[PDB]
């Protein structure tokens, strides 16, 4: 569980926001792409796994689970690529509420930024620093440090 992440893809402004969530902490990373492709998803997972110790990724849909390019990146980075079936039904709810929260923040900052990609990183920053008392950024480091020790 220190190593488990879930992918999530949401749409805004005609663009796609790809999000990786660290399940145990709720910490996220995200990027804006014109459309979700296996190539873009594979690059995003290679970035994530160079930054955190990613053991398992629950993919966001069956196209990214099937994609040979996504499987090649998960092989390269030593990630176990899994499906993202909400065997726990609370999952659909938590992701939907996260997407709503993120879009709410994006609207609150959107006029501070020329590009949507800026506003999405502003939102990542506010989500990960929010105290709810530790933040998601504190919780992910605490979890992984506890695993390393």
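Positions refer to the first chain, counted from 1.
Unmodelled residues of the deposited sequence between residue 132 and residue 133: 4 to 9. Here 26-34 and 89-97 are compared by their mean Cα B-factor, and 89-97 comes out higher. Comparing 47-55 with 106-114, the stretch with the higher mean C-alpha B-factor in the PDB entry is 106-114. Compared with the other modelled residues of the chain, the Cα B-factor recorded for residue 12 ranks in the highest third.
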